[PDB]
Amino acid sequence: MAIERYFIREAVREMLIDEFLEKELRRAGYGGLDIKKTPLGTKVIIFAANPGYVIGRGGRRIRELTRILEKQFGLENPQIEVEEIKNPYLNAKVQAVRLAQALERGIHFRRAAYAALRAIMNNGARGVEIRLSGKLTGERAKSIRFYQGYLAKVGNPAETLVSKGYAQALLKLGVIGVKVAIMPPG
Amino acid sequence: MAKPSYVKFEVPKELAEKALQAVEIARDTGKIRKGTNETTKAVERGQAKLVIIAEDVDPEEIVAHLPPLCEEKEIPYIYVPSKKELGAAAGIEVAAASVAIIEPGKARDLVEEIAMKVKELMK
Amino acid sequence: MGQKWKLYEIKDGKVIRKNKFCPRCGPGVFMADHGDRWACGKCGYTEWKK
Amino acid sequence: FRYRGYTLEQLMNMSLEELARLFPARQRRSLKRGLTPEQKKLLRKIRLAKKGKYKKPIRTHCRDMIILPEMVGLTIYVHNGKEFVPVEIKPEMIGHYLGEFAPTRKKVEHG
Amino acid sequence: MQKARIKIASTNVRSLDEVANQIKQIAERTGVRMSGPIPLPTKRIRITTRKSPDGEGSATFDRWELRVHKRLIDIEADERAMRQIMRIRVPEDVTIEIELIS
Amino acid sequence: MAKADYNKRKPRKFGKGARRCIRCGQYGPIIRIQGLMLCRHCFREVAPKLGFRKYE
RNA sequence: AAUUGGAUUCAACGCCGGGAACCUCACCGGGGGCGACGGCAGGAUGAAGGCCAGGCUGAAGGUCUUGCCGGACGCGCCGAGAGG
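Cut-off values and rules
- Residues numbered from 1 in each chain as written, not as in the entry; some residues may be left out.
- Chains lettered and ligands numbered in written order.
- Part of a larger assembly, values for the part shown.
- Heavy atoms only, no water.
- Pairing = 2+ DSSP bridges.
- Helix = DSSP H or I, 4+ residues; strand = E, 2+ residues; numbered from the N terminus.
- Axes fitted to C-alpha atoms, helices over the stretch in contact; angles between N-to-C directions.
- Contact = heavy atoms within 4.5 Å.
- Near = heavy atom within 4 Å.
- Polar contact = N/O pair within 3.5 Å; in protein donor to acceptor, adjacent residues only side chain to side chain.
- Nonpolar A, V, L, I, M, F, W, Y, C, P; charged D, E, K, R; others polar.
- Buried area = accessible area lost by both parts, 1.4 Å probe.
- Salt bridge = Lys/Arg side-chain N within 4 Å of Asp/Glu carboxyl O.

Residue and element names in this part refer to chain A. In space, the 3 strands of this open sheet follow the order β1-β2-β3, with mixed pairing throughout. The sheet is open, and its two borders are formed by β1 (30-36) and β3 (79-84), each paired with just one other strand. Direction aside, neighbouring strands of the sheet carry axes that sit 25 degrees apart on average. In this sheet, β3 lies alongside strand β2 (residues 43-48) in parallel orientation, the contact comprising 6 bridges. Each residue of the ladder has a partner; that of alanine 48, found in β3, is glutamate 84. Where helix α1 (residues 3-24) meets the sheet, it contacts β1 and β2, and its direction lies at approximately 150 degrees from that of β1.

Shown next as structure tokens:
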């Protein structure tokens, strides 16, 4: 159409592929998608803590990811690349997806909180927060707030500097919302 | 075709398997007929080389006239003891209480051997 | 499904076809002969008797 | 002028085009653009009733048809939404909607 | 020779200026006469939206900006002197249009 | 018995019932038509990845 | 006949509705209709799908009477799905 619409079209294109791939690549450890868009073959760069899951169990998942990409888009030769995230513990969205699995697993609240806090502070976190809104295994709507170091400030040069990762860790009695807000040194 | 009561000549358990398998290559290389109402036309015009007829057709309408007519056309007939045993054999994995192989294709060394061995004994 | 559908008649060493063959399209398609009104078989066409 | 139009009969012989100059802006439009494939099966059941093959008592969900001169005489069954309410069609009904005559609510007092 | 227009827009400020500056620096020295990188408007796009999904009480309402900025460049060079200058990396996310007339 | 297919077959030429989103699959709920058909509620969640800015 | 539902003091009442003539739509009236995957018995001795023509339907082989094709696999329940 014009200049204005196309940019928004592209950005809408980012979401439909970033939404699905997160939900699948929770086994890998999803952290991002650097999407390079061309008329030759859409080049998606999937970010994982671990590349050995994304490839698959023998080529299946990388081909599966090549095959659903043809359906959504009109570039029918989309490449796949796996780049590692360089600090997955500096990435919050990784820690949210990583914490979600552990609560899916059944490990206790403050324990499942402590380790997490401790692995990213070791990594280099000026400050960190984990919040867990949910049932908290009764039937009252209370969140538990695990707190160390600095935090998100005021305004918006608040939220740009910090990291923020959200994940619904499913249970079979209810649900628990996993928020992980990291503050990197800066 | 036949009934479970027509035993005029013997069909060994070694000659009925080769005729379940010389009808399976017959459909995946050449042409095959199946469904008894289209087969009751292919033995009679003279488009069938060797008829193979399953022993479970009853009501009789295409079962009273075809044991005495097929000895007059110069064509041998051979028994499978079921519709589900001639169906899997037909090419496909679904019934076929009668079949007519129009054209052997890659069954041709096996469909000239079984059609003289049954014609030797009794058609 | 719907048995029985053996409507093709039998000669002694030949076959003959009971029903009519269409005159709009070519041979290979039989007519549900109503006596005045012809249905079609391949697809489903309103045809009148010629 | 008693009987609406020139005379009841001459508007059965003027049907396409010549009626139009007489009619409202709204009745013109739906004749001129045409009406739906359920309005084509309703031109067999007014025709089975005036002559020929065993007549059905004409029923309709047609509430967007505007009454013509040929259809004057038949007893038309217009579904109010629950049930069929009859209307004996007159020549004074040329130029009005068919969904006017059958109800769109049950008629009682308010309170 | 063939007067080309590079019409280059971008959704963000930092990405558009670096390319406009680099395009005026590399083209400067070769067989190119180049007219300066002119800024046209920001067709700032306002999406003005209801926050609350209840639509209830007072609902505070988001103002949205999408700002798309357009630099324009005339150039006198060949179609071969054009690709040499279009070598550049370019931010994600920067649209570069090319009209060709004599 | 026997019958022919259905997957809906009525008019839906235009209006709200014509539209659906590409995230929560609705007719009557919001459809922002700029080539970004979503509801207002999705819009809010999605935008920081889009590159829209909260600031007025 | 149904006037779909929810919201209810501030903080429910231009509210969910940033779009109710059909659509939407969840309500009502009437006509018509899909139930996975396994088990069980059935199969091609021709459709599970299509179809003139009346008789019926507000219309739809939809339904019956009625006659039939293209090429070949699916009820009824019982666990238990998709859908809401």
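Taken together, 84 residues lie near RNA strand G, and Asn37 of chain B, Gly41 of chain C, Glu38 and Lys82 of chain D together with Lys16 of chain F sit nearest. In this structure, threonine 46 of chain C approaches RNA strand G through a side-chain N or O atom, which is 3.2 Å from a phosphate oxygen. Contact between RNA strand G and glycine 28 of chain F: a phosphate oxygen at 2.9 Å from a main-chain N or O atom of the residue. Those elements that place two or more of their residues in the surface near RNA strand G are α3 (36-45) and α5 (83-89) of chain B, β4 (30-33) and β5 (37-39) of chain C, α3 (38-50) and β1 (59-60) of chain D, β4 (45-50) of chain E together with α1 (40-50) of chain F. Sort the elements by how many residues they give to the surface near RNA strand G and α3 of chain D lands first, with 4 residues. The class makeup of the residues in the surface near RNA strand G is 29 nonpolar, 23 polar and 32 charged.

Quite often, the size of an interface is put as the accessible area lost when its parts meet. Each partner contributes to the interface: chain F provides 10 residues, whereas chain A provides 10 residues. Note on chain F versus chain A: buried area summed over both sides is about 1,100 Å², and carbon and sulfur give 59% of it. Its largest share of buried area at the contact with chain A, chain F owes to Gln34, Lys49 and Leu50 of chain F, together 40% of the area lost on that side. Between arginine 23 of chain F and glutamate 19 of chain A there is a salt bridge, with the nearest N and O atoms lying 2.6 Å from each other. At the junction of chain F with chain A, the criterion picks out 1 residue pair in polar contact.

The analysis is restricted to geometry; functional conclusions fall outside its scope.
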